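**Q** give me the fold of what follows.
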Amino acid sequence: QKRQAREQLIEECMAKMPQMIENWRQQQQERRXXXXXXXXXXXX
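**A** Numbers count the residues shown, from 1 in each chain. Sharing the structure here:
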C-alpha cells in the first residue's frame, strides 16, 4: 500500500513538473522585465 501511494504521488508530481517549472520560469522572466521597466522609467 505504501509503495503504491509513493508511485501515485510521483506520477501526480511528474504531471505537475512541466507545469510548475514553466509557471515559475515565465514569472521570474517577467520580474526581470518589470525591474528593467521600473529602472528605465526611474533613470527617464
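
**Q** which element is residue 29 on?
**A** Residue 29 is part of helix 2-42, with elements assigned from DSSP states H and E.

**Q** can you give me the offset of that helix from its chain's centre?
**A** 1 Å (C-alpha atoms, centre = their mean, to the nearest Å).

**Q** quick check: the gap between residue 22 and residue 6.
**A** 25 Å (C-beta to C-beta, to the nearest Å). Just so you know, the C-beta spots here come from the backbone N, C-alpha and C atoms, and that holds for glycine as well.

**Q** same thing with residue 23?
**A** Residue 23 is 25 Å from residue 6, by C-beta to C-beta.

**Q** now swap in residue 25 and tell me
**A** Between residue 25 and residue 6 the distance is 28 Å, computed by C-beta to C-beta.

**Q** next: residue 18.
**A** 21 Å.

**Q** closest to the centroid, which residue in the chain?
**A** In the chain, the residue lying closest to the centroid (C-alpha atoms, centre = their mean) is residue 24, at 1.9 Å.

**Q** ok, that residue - contacts?
**A** Under the criterion of C-beta atoms under 8 Å, 6 or more residues apart in numbering, residue 24 has no neighbours.

**Q** change the start of the numbering to 11 and stick with it
**A** All right, first residue 11 from here; so that's residue 34.

**Q** now it: how far from residue 42?
**A** In this view, residue 34 and residue 42 are 13 Å apart by C-beta to C-beta.

**Q** equivalent analysis for residue 18, please.
**A** From residue 18 to residue 42 the distance is 37 Å (C-beta to C-beta).

**Q** now do residue 15
**A** Counting by C-beta to C-beta, the gap from residue 15 to residue 42 is 39 Å.

**Q** cool, and residue 28?
**A** Computed as C-beta to C-beta, the residue 28 to residue 42 distance reads 21 Å.

**Q** then residue 27?
**A** From residue 27 to residue 42 the distance is 23 Å (C-beta to C-beta).

**Q** neighbours around residue 13, how many?
**A** Neighbourhood size, residue 13 [other C-beta atoms under 10 Å]: 7.

**Q** and if you look at residue 40?
**A** When neighbours are defined as other C-beta under 10 Å, residue 40 has 10 of them.
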